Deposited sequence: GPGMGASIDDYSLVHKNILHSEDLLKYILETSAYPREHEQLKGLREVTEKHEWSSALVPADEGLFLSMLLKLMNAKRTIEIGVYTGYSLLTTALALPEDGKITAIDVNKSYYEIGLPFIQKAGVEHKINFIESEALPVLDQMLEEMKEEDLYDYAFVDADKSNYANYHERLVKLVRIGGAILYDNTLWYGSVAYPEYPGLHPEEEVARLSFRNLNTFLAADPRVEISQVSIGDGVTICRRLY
C-alpha cells in the first residue's frame, strides 16, 4: 500500500450512485469552502502515484465541522500521507491547538508541508515519523488524564485498525471522538466474498468487515457509520 497502485482494483469505485452526484457535491458544497492551501495540497497530491488514498474534499469539510462543533483543542492524526486531513484539522483548531501526527513516511508529509506552512498552522503539528502502534503504546504509559486527546483520525494501515482501537479508547478523553477512515472500503465490505481484489485489498476488506462488526458491539463507545467518502465510522468514548 501507500508508504504499488498498478496492482489495486477498487481505486476508481464510488459508493454514490453516479460520478455526476459526487461531482455535484464537490463543486457545489466542497470546493467553494476549501481553503486555498487545501486546494493546492489536493492538486499536487492528485498527481501522485497514491492519490487514491487521498481524503476527498467533501469528507474533509465534514471532519472540520466535527472538530469545530466539539471545540477540539488537542488531536492525534494517524496516517498523514501528504497531509490533507492533517491540514484540515490544523485549520479547524484554534491558534493554540496541538496535533500529534504519525506516519511511517515523512517524505509524503513533505509534499504537503509547503502548503501547511503557507496556511500558518505548521506550529500546531508535532510530526512523528514511525509506525503508529509503538508510538501509541509509548503514549499509554506516559499519558495522564490532563493530556487526553479530544479527537483521533485513524487512516493508516487498514489491517491494524483494531489494534489502534484498543489504544485510542484510552488515549482519547471521555466524550472524545475516534474516527476510522475507509470503513466501507469502496463498498466491497457489503458481501462475504468479493472477487477481483489485490491480496492487500482483500486483507483490508476482511479487516473492515471484522472491525465494523466489532465497533457495533463495543460497549466502550457509541458509534455512527457515515456513508461519506469511503465510509467514516465516528466513535465517542463513553467511559
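List in ascending order the stretches of the deposited sequence, numbered from 1, that lack C-alpha coordinates. Sequence range with no C-alpha atoms is 4 to 6 alone.
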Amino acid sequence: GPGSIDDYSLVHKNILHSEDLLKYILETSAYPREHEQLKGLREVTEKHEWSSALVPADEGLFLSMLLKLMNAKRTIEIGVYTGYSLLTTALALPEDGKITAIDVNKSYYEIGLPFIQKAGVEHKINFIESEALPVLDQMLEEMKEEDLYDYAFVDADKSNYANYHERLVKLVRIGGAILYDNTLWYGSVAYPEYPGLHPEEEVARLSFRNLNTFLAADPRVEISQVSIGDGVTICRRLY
From here on, numbers count along this sequence of modelled residues.
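Return whichever of 8 to 16 and 213 to 221 has the greater mean Cα B factor according to the PDB record. 8 to 16 has the higher mean C-alpha B-factor.
Would 140 to 148 or 120 to 128 have the larger average of its C-alpha temperature factors, as given in the entry? That would be 140 to 148.
Member of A162, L86, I111, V135 with the greatest C-alpha B factor (per the PDB record): The C-alpha B-factor peaks, among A162, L86, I111, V135, at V135.
Taking the values straight from the PDB record, which of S51, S188, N182, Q37 has the highest C-alpha temperature factor? If I rank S51, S188, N182, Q37 by C-alpha B-factor, first place goes to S51.
Of the three thirds of its chain by CA temperature factor, lowest, middle or highest, which one includes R205? Middle third.
Please say which third, lowest, middle or highest, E77 falls into when its CA temperature factor is compared across its chain. It falls in the middle third of the chain.
Is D157 in the lowest, middle or highest third of its chain when residues are ranked by C-alpha B-factor? Highest third.
When the modelled residues of the chain are sorted by Cα temperature factor, does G176 land in the lowest, middle or highest third? Lowest third.
Split the chain's modelled residues into thirds by Cα B-factor; is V169 in the lowest, middle or highest one? Highest third - that is where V169 ends up once the chain's C-alpha B-factors are sorted.
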